[PDB]
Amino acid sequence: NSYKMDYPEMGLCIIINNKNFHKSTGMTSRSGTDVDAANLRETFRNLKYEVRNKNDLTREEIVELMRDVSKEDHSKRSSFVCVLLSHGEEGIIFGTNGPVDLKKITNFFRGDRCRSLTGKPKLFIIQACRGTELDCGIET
């Protein structure tokens, strides 16, 4: 069986694009991330998502944004997509001024806390480091 994708709206696609960070994070400017953000905007436009691009949000702005989106009425929407483009650690995404737990963000959308998305696919696409291990690969 398949999710019902024929509601009047495919849904929102929120793209959070963090390029420049406070020096305290020690992250260097994420060159190339604007290309990703525009590629994503176009790709999801073509899938008939209502794309909202946000650039350079602090961690407080990320949470406030995700809380606000979770309190909208998604009744006429089939799905929800959030793309995070940032620095990260395992389980963590960076605002421009520091880390916030990914669970904090995704908990706004739990089945009991966002009832107009209950039973609907909630997609989190995350371009961010998850630690500092390096994969040297294996010849094939």
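One-based numbering along the sequence shown. For clarity, a rigid core is taken as the largest C-alpha set superposing within 1.5 Å between two forms.
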For this session: Determine, for 38-46 and 22-30, which one has C-alphas that on average lie farther from this form in 7 other deposited structures of this protein; superpose on the rigid core first.
Result: 22-30
Exercise. Averaging C-alpha B-factors over each stretch, which comes out higher, 80-88 or 67-75?
Worked result: 67-75
Problem set entry | Mean C-alpha temperature factor, higher of 121-129 and 20-28 | 20-28
For this session: Comparing against every modelled residue in the chain, figure out the third that the C-alpha B-factor of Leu40 lands in (lowest, middle or highest).
Result: lowest
